[PDB]
> 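Let me begin by handing over the structure; questions about it come next.
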Amino acid sequence: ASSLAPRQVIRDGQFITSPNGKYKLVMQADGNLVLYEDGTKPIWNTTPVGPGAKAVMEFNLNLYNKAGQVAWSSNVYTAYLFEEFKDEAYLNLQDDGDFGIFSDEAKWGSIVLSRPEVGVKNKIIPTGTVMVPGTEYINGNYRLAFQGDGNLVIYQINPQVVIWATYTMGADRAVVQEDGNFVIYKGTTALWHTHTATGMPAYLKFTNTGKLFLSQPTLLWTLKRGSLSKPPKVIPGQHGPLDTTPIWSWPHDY
Ligand SMILES: OC[C@H]1O[C@@H](O)[C@@H](O)[C@@H](O)[C@@H]1O
Ligand SMILES: OC[C@H]1O[C@@H](O)[C@@H](O)[C@@H](O)[C@@H]1O
Ligand SMILES: OC[C@H]1O[C@@H](O)[C@@H](O)[C@@H](O)[C@@H]1O
Ligand SMILES: OC[C@H]1O[C@@H](O)[C@@H](O)[C@@H](O)[C@@H]1O
Ligand SMILES: OC[C@H]1O[C@@H](O)[C@@H](O)[C@@H](O)[C@@H]1O
């Protein structure tokens, strides 16, 4: 795990580790949140608040002492801290040892929403994913399938019901692009797309409620760079089954 999901809590020796293995962020039993290099050299810390402490990803990364007070915080500079942001924001620790907080807004959906769904669980489909006939994803009682015929379809599994579909007949592939657009293709012809080309890479969220959203990463803060007012271009990191969030990396200088 190189990341923290929204609301995720770490404590009592729990940690995350950069993709390359070199950096480790650990919430120690003594209540000190520490960044280690090569498992032996502490390069940054909050300093300890004592036992019974925890750190939690809730828009900010916040460190709580046993008395429930906030002893350290990322202190991300936003103007409006909507309590629905706390279920959306996640954290990556990257290969140069910097760590950063993302809160991404949806840019496209298979359906327009009245209001967020509560306790929805998302299957991340990351940047550079190339779907191909026979590709499918299962999340709960819903199936997302790129089919032989080229249709991208969401099915309710039980009972079988079509919930949504692109009707892109003949398409050969579907691509979650680095430019921020999700596009379905016959050869080089775009049959369908999400109109989300922004130069910021895309990922998809397929829900256990039978819906599909495209978001793009919005880096808000890093330990080394403090709060950011504009979001810098990031690059997709290595996404596998162990990771519950998108994975990103961001450059050293500008
Ligand atoms: O983002 C909301 C909607 O916008 C429309 O133009 C279409 O592209 C739909 O596919 C989408 O559900
Ligand atoms: O990403 C490939 C696979 O990942 C697993 O979680 C599930 O979503 C599968 O349905 C999917 O085929
Ligand atoms: O309406 C959705 C249906 O569309 C049809 O054209 C086919 O692609 C089916 O596989 C799919 O279930
Ligand atoms: O061709 C562009 C496509 O973009 C989609 O998001 C919708 O607007 C489709 O109805 C359309 O076919
Ligand atoms: O309209 C379809 C096209 O939109 C473009 O701006 C890019 O994202 C292309 O990759 C995509 O094929």
Side-chain angles (χ1 to χ4, degrees), residues 6 82 84-85 87-90 102-118 120-219 230-237 239 246-251:
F82 303 123
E84 60 209 67
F85 284 176
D87 301 295
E88 225 55 31
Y90 57 92
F102 296 76
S103 202
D104 310 337
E105 271 156 354
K107 251 94 174 149
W108 174 92
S110 55
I111 196 164
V112 165
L113 267 175
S114 296
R115 48 189 72 265
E117 303 181 297
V118 135
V120 72
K121 299 303 151 79
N122 299 301
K123 163 50 154 152
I124 308 313
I125 302 175
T127 314
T129 296
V130 175
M131 312 187 190
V132 106
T135 299
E136 88 176 348
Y137 308 85
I138 308 196
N139 188 355
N141 197 32
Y142 300 91
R143 187 166 114 255
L144 177 66
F146 194 77
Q147 294 183 345
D149 63 15
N151 212 353
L152 182 69
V153 185
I154 295 171
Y155 295 94
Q156 186 183 271
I157 291 152
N158 175 21
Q160 248 219 230
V161 169
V162 174
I163 303 295
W164 179 84
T166 48
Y167 292 99
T168 51
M169 320 308 302
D172 50 73
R173 70 207 161 94
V175 185
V176 184
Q177 305 188 347
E178 311 217 327
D179 73 358
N181 211 12
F182 173 48
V183 185
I184 296 183
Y185 284 110
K186 197 160 86 267
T188 76
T189 339
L191 304 196
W192 186 92
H193 67 109
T194 49
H195 298 259
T196 45
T198 65
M200 186 72 87
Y203 64 102
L204 263 35
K205 297 184 271 170
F206 178 48
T207 76
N208 67 313
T209 64
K211 308 184 171 67
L212 190 63
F213 303 94
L214 184 152
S215 297
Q216 288 172 1
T218 292
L219 181 49
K230 280 301 95 80
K233 188 164 303 200
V234 301
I235 105 133
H239 195 268
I247 304 294
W248 308 111
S249 67
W250 50 97

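In this chain, numbering begins with 1 at the start of the sequence shown. For ligands, and for the atoms within them, numbers begin at 1 and follow the listed sequence.
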> With respect to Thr129, which candidate in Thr135, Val176, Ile124 satisfies the side-chain contact (heavy atoms from CB on, under 4.5 Å) definition?
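Only one option passes, and that is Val176.
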
> Quick one: does atom 9 (C) of ligand 1 have a protein heavy atom under 4.0 Å from it?
yes

> Can you list the atoms of ligand 3 that are under 4.0 Å from a heavy atom of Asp149?
7 (C), 8 (O), 10 (O)

> Tell me the protein heavy atom at minimum distance from atom 11 (C) of ligand 3, and give that distance in Å.
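Here the nearest protein heavy atom works out to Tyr155 OH, 3.4 Å.
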
> Using a 4.0 Å cutoff against the non-hydrogen atoms of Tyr185, which atoms of ligand 5 qualify?
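The atoms of ligand 5 under 4.0 Å from a heavy atom of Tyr185 are 9 (C), 10 (O), 11 (C), 12 (O).
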
> What's the shortest distance from atom 12 (O) of ligand 1 to any protein heavy atom, and which residue and atom give it?
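Protein heavy atom at minimum distance: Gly109 O, 2.6 Å.
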
> Identify, for atom 4 (O) of ligand 3, the protein heavy atom at the shortest distance, and state residue, atom and that distance.
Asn151 ND2, 3.2 Å

> May I ask you to check if ligand 1 and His193 share an N or O to N or O distance below 3.5 Å?
no

> In terms of the angle between their ring planes, are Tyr90 and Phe102 parallel, tilted or perpendicular, with boundaries placed at 30° and 60°?
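The rings of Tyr90 and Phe102 lie parallel, inter-plane angle below 30°.
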
> Closer than 4.0 Å to some heavy atom of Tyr167 - which atoms of ligand 3 meet that?
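With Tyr167 as reference, the close atoms of ligand 3 come out as 1 (O), 2 (C), 4 (O).
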
> Protein heavy atoms near atom 6 (O) of ligand 1, is at least one of them under 4.0 angstrom away?
no

> In ligand 5, which numbered atoms sit nearer than 4.0 Å to a non-hydrogen atom of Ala190?
2 (C)

> At less than 4.0 angstrom from any non-hydrogen atom of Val162, what atoms of ligand 3 do you find?
2 (C), 12 (O)

